[PDB]
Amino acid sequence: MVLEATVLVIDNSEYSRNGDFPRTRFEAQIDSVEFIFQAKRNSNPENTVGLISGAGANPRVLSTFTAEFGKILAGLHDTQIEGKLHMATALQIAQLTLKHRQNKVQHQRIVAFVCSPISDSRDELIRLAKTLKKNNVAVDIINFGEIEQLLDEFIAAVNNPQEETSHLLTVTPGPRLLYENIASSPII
């Protein structure tokens, strides 16, 4: 499809362990990382993807950009459910990662899951959104668990009109797993 570097940010916050999204919201998010990686990878052999814990006590890069399923898997094991979600920080380190993506012909995209109440200000988040748009990064939020949308106003802000690259997925607990809802979403 399209050549792009994408960064997956996961919510590893204390909210991540919950019944509503089987098996737990965290684990939902793991199957989702796996799926999404294997997807982006086969839409174009040149795609590379990164991984970021977005909670804990300071968002951290779990894996740099790869085609390698092993180090996505190595980075996915060795994270932990703990702390609160620091969204704007996570978004900052995701952006910093994308600027330095090898092969600058790659379109920039960040994909983030939010299953927590957002502690950050709406103003910081909107500034951040406008910045992201300006730097030609597209954003996909996955919005499940507590559904609060701020998120709608964010995606509104960050979307690039002339090529509509930025989507909000709002998903409710139900029959299908989280990764399926993601497969059928415009994030494809």
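A residue's number is simply how far along the shown sequence it sits, counting from 1.
Per the record, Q149 and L150 are separated by 1 to 3 deposited residues that have no coordinates. Comparing the deposited coordinates for 160-168 and 173-181, the stretch with the larger average C-alpha B-factor is 160-168.
Stretch comparison (24-32 versus 37-45) by mean CA B-factor in the PDB entry places 37-45 on top. Taking the deposited Cα B-factors for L62, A55, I126, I142, the highest one is held by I126.
For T89, the recorded CA temperature factor ranks within the lowest third of the chain's modelled residues. Per-chain ranking of the deposited C-alpha B factor places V105 in the middle third. When the CA B factors of the chain's modelled residues are split into thirds, the value for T66 lands in the lowest one. Placement of the Cα temperature factor of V2 within the chain: highest third of the modelled residues, per the deposited record.
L96: CA B factor lies in the lowest third for its chain, per the PDB record.
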